[PDB]
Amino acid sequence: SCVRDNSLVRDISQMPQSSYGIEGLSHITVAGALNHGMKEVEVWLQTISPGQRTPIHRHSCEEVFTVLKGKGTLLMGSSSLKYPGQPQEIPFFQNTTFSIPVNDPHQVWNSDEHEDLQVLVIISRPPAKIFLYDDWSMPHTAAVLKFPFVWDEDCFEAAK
């Protein structure tokens, strides 16, 4: 569904959450472009189950994560050579933050075997324009744009 709501105070617990077909994910856009009218920043609340990973991807915007619960590993590559290259792998834990430089290819993995990972994610220039890589050797020109992304599809179609 597309749930639009521009009032000023909104209850996060009442904004319908979904995996959008991504196994192990639970997503809520807390404040965003297509659902609420934002123009410069957008905020997501996401929970990833044990062992799950996001796809390898990039987006031409700033992006900041804050870890509410759980632990994991951040994988990041470079945006300057013709492909991402073998990534940096950096562990993170509850109450850590990390920002992804514009266009850097990255992946977030919930490497804990038992607890869910819950983060707040903030982006600039919404909505997100995510290009997907199938592995760290795929060249940057070859990444596939998936726009709108699955949590924006219903509202993107409703706004034409």
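Quick note: we count residues from 1 along the sequence shown, nothing fancier.
Which is higher in the entry, the mean Cα B factor of 106 to 114 or that of 119 to 127?
For C-alpha atoms only, the mean B-factor is higher in 106 to 114.
Pick between 21 to 29 and 136 to 144: the one whose mean CA B-factor in the entry is higher.
In the deposited entry, the stretch with the higher C-alpha B-factor mean is 136 to 144.
Just say lowest, middle or highest third for the CA B-factor of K39 relative to the other modelled residues in its chain.
For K39, the deposited C-alpha B-factor lands in the middle third.
What third of its chain's C-alpha B-factors does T54 belong to: lowest, middle or highest?
Tercile = middle for this residue's CA B-factor.
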